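Visitor: Residue numbers (the entry's author numbering): 2481 to 2550, 2557 to 2628, 2633 to 2957, 2960 to 3000.
Using N, Cα and C, we set each Cβ at its ideal position, and we do this for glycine too.
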């Protein structure tokens, strides 16, 4: 869970009075010592409500380490070990089989590059990337993993010439489906054209092989392999501390079986069964059309730019109430739907990354569980009151983040409908794009956002830091017109504006 990491950072930075704290910054290197250690432990005790001590600080002086301190370490299995599908990957494979997603779970990463890359060097570099990360050459067959050896994994790398505008082309290449029984879950396109200075490099991953936290290692490693291959040599790499299958086997073994009352799995599922009791089938939201018989997963994206002024105010509001920025955005989305008539009980899906282990904290794979964060707005709370409720709900949730969402759906046994995502139809996420990707491949580079043509849910609000920030509302076109979505995302910024200005007013 990344929210512990970010709260620890928030606390280091306040007590050391330093704006430069990062997940890997040593408390003592930053100018901390025994005396100041007591102020960190105090503040963490009040915020996280968990028994933290100077012990934990001493043993774990980096926010990442400290966060993970709050289950066996991943063990690198042998060279002859077979691949293991995590249950996260089984859930992704399942949603595709049962709900027919048509590209919606393809994840794009597009980089503008000031030079036209060399396609044969690029192809060599993508083979190295795939050779290094086993998840990128694991097929899935009706569900059984099949690990291609590096020799048999035919990477898909090609140049595409843009006649029409580039951004719509990006969204098109992104939506093209994978057949995971026969194709590796990675597609690479270099887009060139008379309207394109250099090229745009598009990586498309099937979600089964990559979450958004994989962008940094993907680009790091591709850049390394590209520059080595352009000099005629293999990249100089120390093997990965763990392959995704290593993580999956460790996670499966620690979770145990749902029939074992002392297993983490059954214990977490019992929590969720009580926590999701009497859940609404769906929120009463303002759609333009009724929910159709089958979901098309067609969608659009409405962006709400945020003035750096508001970005800074939101950060301050979060720090002053001891919450993460994500919890502010989640509170505000709950308010927004509340004001639209959804009621007092707002279930919001939210992805949580299981990347605490240092062996996988920075590696390519899918590590996101999906949690239902049940926000209660009863009794005319102020926004500050709501931030306290949200913090309490989230921390309770983050402590049971390992029960796979499909097992929670099975435990809760909600009314099902192929056109409606179960247990929640609105998701809230906070995302941070990679830093230091401005001079990749020996060129000048910048990430380019891809305008999605698909959607996963009724609504997905994402607070996206570029690494300034913006809000992206990915909406189901079946349900909403684009202008209705532009209005919703504008109204979310208004809720945030008002919350920074006066958090003490009621949310009604």
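Is the segment 2802-2812 touching the segment 2888-2903 in the sense that three or more CB pairs, one from each, lie closer than 8 Å?
Guide: No: the two stretches stay apart, fewer than three of their Cβ pairs being nearer than 8 Å.
Visitor: Is there contact between the segment 2776-2793 and the segment 2574-2593, where contact requires at least three CB pairs shorter than 8 Å?
Guide: Flag = yes, the segment 2776-2793 and the segment 2574-2593 touch.
Visitor: Give me the Cα-Cα distance between residue 2649 and residue 2681, rounded to the nearest whole angstrom.
Guide: Taking the chain shown and counting its residues from 1, one reaches residue 2649 at position 159. Taking the chain shown and counting its residues from 1, one reaches residue 2681 at position 191. Residue 2649 and residue 2681: Cα-Cα distance of roughly 6 Å.
Visitor: Any idea what DSSP makes of residue 2884, helix, strand or coil?
Guide: On the chain shown, residue 2884 is found 394 positions in, with the first residue counted as 1. Residue 2884: helix per DSSP, three-state reduction.
Visitor: Could you tell me whether the Cβ atoms of residue 2602 and residue 2688 are closer together than 8 Å?
Guide: Residue numbering aside, residue 2602 sits at position 116 when the chain shown is read from its first letter. Residue numbering aside, residue 2688 sits at position 198 when the chain shown is read from its first letter. Taking 8 Å as the Cβ cut-off, residue 2602 and residue 2688 qualify as a contacting pair.
Visitor: What's the call for residue 2864, buried or exposed, on a 16-neighbour Cβ count within 10 Å?
Guide: Taking the chain shown and counting its residues from 1, one reaches residue 2864 at position 374. By the neighbour-count rule (16 or more Cβ atoms within 10 Å), residue 2864 is buried.
Visitor: Counting only the same chain and skipping the five closest in sequence on each side, list residues whose C-beta sits under 7 Å from that of residue 2970.
Guide: Working through the chain shown from its first residue, we reach residue 2970 at position 478. Closer than 7 Å at Cβ, skipping near neighbours: 2779, 2782, 2785, 2786 and 2788.
Visitor: Let me know the secondary structure DSSP gives residue 2696 once reduced to three states.
Guide: As a position in the chain shown, residue 2696 is number 206, starting the count at 1. In the structure shown, residue 2696 sits in a strand (DSSP, three-state: E or B).
Visitor: Between the Cα of residue 2919 and the Cα atoms of 2929, 2955 and 2909, which residue gives the shortest distance?
Guide: Stepping through the chain shown from its first residue, residue 2919 is reached at position 429. When only C-alpha atoms are compared, the closest one is 2955.
Visitor: For residue 2708, count neighbouring C-beta atoms within 10 Å of its own C-beta (all shown protein chains included) and say buried if the count is 16 or more, exposed if not.
Guide: Within the chain shown, residue 2708 is the residue found at index 218, counting from 1. When all chains shown are included, residue 2708 counts as buried.
Visitor: Quick check on residue 2996: does DSSP put it in helix, strand or coil?
Guide: Residue mapping note: residue 2996 aligns to position 504 of the chain shown, counting from 1. Residue state, collapsed to three classes: coil.
Visitor: Under the three-state reduction of DSSP, which class applies to residue 2860: helix, strand or coil?
Guide: Stepping through the chain shown from its first residue, residue 2860 is reached at position 370. Residue 2860: strand per DSSP, three-state reduction.
Visitor: Looking only at C-alpha atoms, which of 2822, 2676, 2524 and 2698 sits nearest to residue 2577?
Guide: Taking the chain shown and counting its residues from 1, one reaches residue 2577 at position 91. Residue 2577 has its Cα closest to that of 2698, out of 2822, 2676, 2524 and 2698.
Visitor: Over what stretch of residues does the alpha helix (DSSP H) that includes residue 2577 continue unbroken?
Guide: Residue numbering aside, residue 2577 sits at position 91 when the chain shown is read from its first letter. Start and end: 2573-2585.
Visitor: Please decide whether residue 2763 counts as near chain C, where near means a Cβ-Cβ distance under 8 Å.
Guide: The structure shown contains no chain C; it holds only a single protein chain.
Visitor: In terms of residue numbering, what span does the beta strand (DSSP E) encompassing residue 2624 cover?
Guide: In the chain shown, counting from the first residue as 1, residue 2624 sits at position 138. Looking at the DSSP string, the run of the beta strand (DSSP E) that includes residue 2624 is 2624-2627.
Visitor: If you check the beta carbons only, do residue 2676 and residue 2616 fall under 8 Å apart?
Guide: For this step, residue 2676 is matched to residue 186 along the chain shown. For this step, residue 2616 is matched to residue 130 along the chain shown. For residue 2676 and residue 2616, yes; Cβs fall inside 8 Å.
Visitor: Can you give me the Cβ contacts of residue 2962 inside the same chain, cut-off strictly under 7 Å, excluding the 5 residues immediately before and after it?
Guide: Residue numbering aside, residue 2962 sits at position 470 when the chain shown is read from its first letter. Excluding residues within five positions, the ones whose Cβ falls inside 7 Å are 2793, 2794, 2795, 2796 and 2954.
Visitor: Any contact between the segment 2874-2883 and the segment 2729-2737? By contact I mean 3 or more CB pairs, one from each, below 8 Å.
Guide: These segments do not touch.
Visitor: Using only alpha-carbon positions, find the residue among 2944, 2911 and 2818 that is nearest to residue 2987.
Guide: Taking the chain shown and counting its residues from 1, the one referred to as residue 2987 is at position 495. Minimum Cα distance to residue 2987 is reached at 2818.
Visitor: For residue 2676, which beta-bridge partners are listed by DSSP?
Guide: Locating residue 2676 in the chain shown gives position 186, where the first residue counts as 1. Looking at the DSSP assignment, residue 2676 forms a beta bridge with 2695.
Visitor: From the DSSP output, in three-state form, read off residue 2944 for me.
Guide: Position 454 of the chain shown, counting from 1, holds the residue named residue 2944. Of the three classes helix, strand and coil, the one that applies to residue 2944 here is strand, per DSSP.
Visitor: Tell me which residues share the same chain as residue 2906 and place their Cβ nearer than 8 Å to its Cβ, disregarding the 5 neighbours each side in the sequence.
Guide: Taking the chain shown and counting its residues from 1, the one referred to as residue 2906 is at position 416. Within the same chain, residue 2906 has close Cβ partners 2912.
Visitor: Could you pull out every residue in the same chain whose Cβ sits closer than 6 Å to the Cβ of residue 2619, ignoring the five residues on either side in sequence?
Guide: Numbered from 1 along the chain shown, position 133 holds the residue referred to as residue 2619. These residues qualify, in order along the chain: 2854.
Visitor: Taking only the alpha-carbon atoms, compute the straight-line gap between residue 2663 and residue 2690 and give it to the nearest angstrom.
Guide: The residue labelled residue 2663 in the question sits at position 173 within the chain shown. The residue labelled residue 2690 in the question sits at position 200 within the chain shown. Going from the Cα of residue 2663 to the Cα of residue 2690 covers about 12 Å.
Visitor: Taking the alpha carbon of residue 2941 as the point to measure from, which residue in 2722, 2773, 2502 and 2660 has its own alpha carbon closest?
Guide: Counting from one through the chain shown, the residue named residue 2941 turns up at place 451. Among 2722, 2773, 2502 and 2660, the Cα nearest to that of residue 2941 belongs to 2660.
Visitor: Going by DSSP, what residues sit across from residue 2651 in a beta bridge?
Guide: Position 161 of the chain shown, counting from 1, holds the residue named residue 2651. The partner list for residue 2651 (beta bridge, DSSP) reads 2682.
Visitor: What are the boundary residues of the beta strand (DSSP E) that residue 2853 is part of?
Guide: Taking the first residue of the chain shown as position 1, residue 2853 is located at position 363. Note, residue 2853: premise wrong, no beta strand (DSSP E); not H, not E.
Visitor: Output the distance between the C-alpha atoms of residue 2964 and residue 2728, rounded to the nearest integer angstrom.
Guide: Residue mapping note: residue 2964 aligns to position 472 of the chain shown, counting from 1. Residue mapping note: residue 2728 aligns to position 238 of the chain shown, counting from 1. Rounded to the nearest angstrom, the two C-alpha atoms are 37 Å apart.
Visitor: Taking its Cβ as the centre, do 16 or more other Cβ atoms sit within 10 Å of residue 2651, making it buried, or is it exposed?
Guide: As a first step, residue 2651 must be located in the chain shown, where it is residue number 161. By the 10 Å Cβ count, residue 2651 comes out exposed.
Visitor: Check whether the segment 2501-2508 touches the segment 2534-2547, taking contact to mean three or more Cβ pairs, one atom from each stretch, closer than 8 Å.
Guide: Yes: the two stretches touch, three or more of their Cβ pairs being nearer than 8 Å.
Visitor: Go ahead and pull the three-state DSSP assignment for residue 2563.
Guide: To locate residue 2563, count along the chain shown from 1; it is residue 77. Residue 2563 falls in the coil class under three-state DSSP.
Visitor: Quick check on the DSSP output: the alpha helix (DSSP H) that includes residue 2807 runs from which residue to which?
Guide: Counted from its first residue, the chain shown places residue 2807 at position 317. Residues 2798-2811.
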